[PDB]
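Residue numbers (the entry's author numbering), protein chains in the order written: chain B, 1 to 27, 27A, 28 to 152, 156 to 212; chain L, 1 to 27, 27A, 28 to 212; chain D, 11 to 109; chain C, 13 to 108; chain A, 1 to 52, 52A, 53 to 82, 82A to 82C, 83 to 100, 100A to 100C, 101 to 126, 135 to 153, 156 to 209; chain H, 1 to 52, 52A, 53 to 82, 82A to 82C, 83 to 100, 100A to 100C, 101 to 126, 135 to 212.
Right under this line is the structure:
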């Protein structure tokens, strides 16, 4: 089985930048069995380059492919926000047909601060015997951020992060802590403390009742 | 089936003469598949020419072969007495392998009259109850000759048989034997057993005779 | 590592006959300028083998046609399976060479 | 009946196939001799590859011995034993 | 318009069987080779099955070899992937792709994908709760199984952020959908979220 | 010296079987194809059987196809022609010949030949009588069956002048022939003249002294 090894495993660059993904083959491959594909999160892959250097119809000119033997490359001459995706190389000649590990392309923009929001658990959910308190961190760059939760000034920090936006390159993050109706009734002040590079001081969003 | 047709059936010429036998094929052939053989009477055939033109080792140079396609030939540049034989062509490539009909080569020579001889029946044979009176006609040319049996000056019919020798390989002549067969009873009834020979080389007939019987 | 092949066996097996031959399509259809084919060649019964005479050659005496589904390709544009006809040799003979 | 595309594809794709090989081609130094039969059946790489950048080639070979009539034209003949190369396994490989 | 449309996915018990359909339109499926490619949650692309150019026969990935079988119904212009003796490691999004010769050995058209979930757990419908308050408001899609959920009708367009699902210690999933809207429109405009979870045939609006 | 020697001929009843042997010496038969050729009395050459160059299969003449089988015993360096369901038309002299490739498709060495007689009639030995007298003397070999008889003079030391006539078929269905020789009259006393008659079918070997 021919092995396709991509390098780097995941990169990060600015809009306008020239970036290059490398695919290394475990043995010599004739440059007509090599294909490059782009994959957006939760979407089917799209063909970019075929036969190592041929640009597929309707694919932007910034995309180019090159190489021979064991080393093949994919170049994006001018990186764009929409270019956020995972890129795969594929050998389609020798059996079995095989895909590379993948290279995650992330975009780099100016630092931007998250607009913080707190949501109390609904009446409906409280009747069921569970309380879900959610915190939203909206539109922020870079993706690294910290959310802290303290009852009356602990765990259950099941956070989910949105995939980098295809237009503004900004992330969004939701942090949700779940407690029984009994535990939620035991306290009154509910605070979510947000820490990010954009902010000089942490921001807190709070509410009363429980 | 490829058919091989030779011509003439018989070819008669003189010593020193250039003669040519022709073999005609029913379809176009490869020349390597054509061979020629010579067969002397009561003898196995001998190879002369192979592959239409190749002369077999030990065969005299007066022999040669030629042709292509459908017509193949065998030439004897200077005919010799020993060349008396039947000649066959053979195709050995395509199935089935086949021989030609044959061409009998005979030798024309000068007229020679037969030397005639008469032989009385032996004592041994007479004891058995049969009498065979034989007449020999030795070394003559051409082969046509007549033998008449006269017993006490009367012509004999239906009581004789004759046999002719094949042309001689050295002198080109024939020899013939005529046998008069009679019972001991019939042989005892008569005195003179005459053999009358007629031939082109003879101006007058020759008779050979004996008494007793 | 097999036994030796006996002379008569080799003789009979190699002698002039129709044999499955791998024939290039572009060789059979040299006027094509529009397409490339998949497969690029086809298996055909064709006269093969020997006549063991210099005055002879191995030739067909009975022919027919065979139809095959071939991928007809317009490079970088499209592809479709079409039906292509080819010549086959049903019977062979060793015949006097064409002088 | 029409031969189905996948059947043609599999049957013609590069593999060892019985091929009728001329002896004098394999042994070009035996000028003086002529052989009967003049050719032999041998397993050899045949067929086609995916594309123009590939060639069909042997990756495993062996030998076969055959009784062949060895002829010295106009002189003599005898049956001898002759060795020939066979291709056991084939691969489509980048052109030389 | 060339299109590949997949179906036959969903939840399967371990050791189960499932048949994925790949419906072609805009082309004839017999003029091409249909390949199957899978993506395990969080993992890269894995080539599963297909007729291969070097020889012409059907190859399979070593993990699926001997339990998977591809086929095609020429009248229905449809390819199939029969998956039997299913295991946890087969949990993935399955794609069918058009393997092509005119763009040598490339897959130019792909199916939308379909998630196959190999689990002994049962189907559970989701509970929908509002996330009440430029202001931010949303919906909490809680406790469902298996994936996925589809959230909205035409009002939810700009400012929408539907978060990837998180797996709770329950073996059940939870999702949030939020939308930033101007504070003036809090009275004049009504904000409602429409959710759909096909495995439990749930279409709750809130 | 290359030689082919045939045997196994003679008289056979109609519907009979006979095996002709062809013994090689001076060469190995396996290096060649042995062909069979025949000649019916008075008729030309007919190719009977042999392995053929066009295909390598063994062929027979249409009249013999289906009743004749050729074979070879490699240890005995000998080819054979098994002839079964024999008929009148099979009465002929049978030869075996060496079919060769180095002289392409030619028969270079031949067997001496052997006569096969397909007849219901019985073997009859010959009576030998002298033909007593440059002088002529001979032998009369009367009433025999089947053909042939072999006549030689003075154990084959006397050859010049010999004329052994073709046999004639008498009404009795028995053959008769004569052998004569012309000799000088001086040698009638000094030299003894004896004919060597041999008729292999009846195993007769008469030697007769003539006057």
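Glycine is no exception: its CB is placed at the ideal position from the N, C-alpha and C atoms.
Query: Where DSSP assigns a beta bridge to residue 37(A), which residues make up the other side?; Result: 47(A), 91(A)
Query: Considering just the uninterrupted stretch of the alpha helix (DSSP H) at residue 190(H), what are its terminal residues?; Result: 188 to 191
Query: Does the distance from the C-beta atom of residue 92(D) to that of residue 80(D) stay below 7 Å?; Result: yes
Query: By the three-class DSSP mapping on this structure, what secondary structure does residue 53(D) have?; Result: strand
Query: Smallest Cα separation from residue 67(L): which of 50(L), 37(L), 93(L), 54(L)?; Result: 50(L)
Query: Taking DSSP as the reference, what is the three-state secondary structure of residue 114(H)?; Result: coil
Query: Please decide whether residue 79(C) counts as near chain H, where near means a Cβ-Cβ distance under 7 Å.; Result: no
Query: Considering just the uninterrupted stretch of the alpha helix (DSSP H) at residue 97(A), what are its terminal residues?; Result: No alpha helix (DSSP H) contains residue 97(A), which DSSP labels as neither H nor E.
Query: Pick helix, strand or coil for residue 202(H), following the three-state DSSP scheme.; Result: helix
Query: Could you pull the DSSP bridge partners for residue 124(A) from this structure?; Result: 139(A)
Query: In angstroms with no decimal places, state the Cα-to-Cα distance between residue 136(B) and residue 174(B).; Result: 6 Å
Query: For residue 143(H), is the beta carbon positioned less than 6 Å from some heavy atom of the ligand ATP?; Result: Of ligands this structure carries none, so the ligand ATP is not represented either.
Query: Pop quiz: residue 124(H) and residue 62(L) are said to be a contact at Cβ under 8 Å. What is the actual Cβ separation, rounded to whole angstroms?; Result: That pair is no contact at about 40 Å.
Query: Strictly under 7 Å for the Cβ-Cβ distance: is residue 75(D) near chain C by that measure?; Result: no
Query: Return no unless some Cβ of chain D is closer than 7 Å to the Cβ of residue 55(H).; Result: yes
Query: Name the DSSP beta bridge partners of residue 81(B), please?; Result: According to DSSP, residue 81(B) bridges with nothing at all.
Query: From what residue to what residue does the alpha helix (DSSP H) around residue 213(L) run?; Result: Here chain L covers residues 1 to 212 and nothing more, so residue 213(L) does not appear.
Query: What ranges does the alpha helix (DSSP H) occupy inside the stretch 98 to 178 of chain L, keeping only unbroken runs of at least 4 residues that lie completely in it?; Result: 122 to 127
Query: Distance cutoff 7 Å, beta carbons only. Does residue 43(C) sit that close to anything in chain H?; Result: no
Query: Give a yes or no on whether the minimum CB-CB distance between residue 63(D) and chain L is below 7 Å.; Result: yes
Query: For residue 152(B), count neighbouring C-beta atoms within 10 Å of its own C-beta (all shown protein chains included) and say buried if the count is 16 or more, exposed if not.; Result: exposed
Query: Is there a Cβ from chain A that is less than 7 Å from the Cβ of residue 176(B)?; Result: yes
Query: Please name the residues in the stretch 92 to 104 of chain C whose beta-carbon is closer than 9 Å to at least one beta-carbon of chain A, in chain order.; Result: 103, 104
Query: Span of the beta strand (DSSP E) holding residue 196(L)?; Result: 192 to 197
Query: What number of angstroms, rounded off, separates the C-alpha of residue 42(L) from the C-alpha of residue 37(C)?; Result: 45 Å
Query: Considering only residues of the same chain and omitting the five flanking positions on each side of residue 82(A), which have a CB-CB separation below 6 Å?; Result: 18, 67
Query: Here's a check: name, in chain order, each residue in its chain whose Cβ is nearer than 8 Å to the Cβ of residue 85(D), leaving out the five neighbours to either side.; Result: 46
Query: Would you check if the distance between the CB atom of residue 147(L) and the CB atom of residue 44(H) is smaller than 7 Å?; Result: no
Query: Which residues in the same chain have their Cβ closer than 8 Å to the Cβ of residue 18(L), if we skip the five residues on either side of it in sequence?; Result: 74, 75, 76, 77, 78
Query: Within its chain, find whatever has a CB closer than 8 Å to the CB of residue 92(L); leave out the 5 residues flanking it on each side and keep chain order.; Result: 28, 29, 31, 32
Query: Hey, does residue 70(D) have any beta-carbon neighbour from chain L nearer than 7 Å?; Result: no
Query: Which runs of the beta strand (DSSP E) fall wholly inside the stretch 74 to 102 of chain C and span at least 3 residues, in chain order?; Result: none
Query: Report yes if the CB atom of residue 65(D) is closer than 7 Å to the CB atom of residue 108(D), and no otherwise.; Result: no
Query: Can you tell me which of 55(B), 114(B), 160(B) puts its alpha carbon nearest to the alpha carbon of residue 200(B)?; Result: 114(B)
Query: Between the Cα of residue 56(C) and the Cα atoms of 94(C), 74(C), 23(C), which residue gives the shortest distance?; Result: 74(C)
Query: Report yes if the CB atom of residue 83(B) is closer than 7 Å to the CB atom of residue 6(B), and no otherwise.; Result: no
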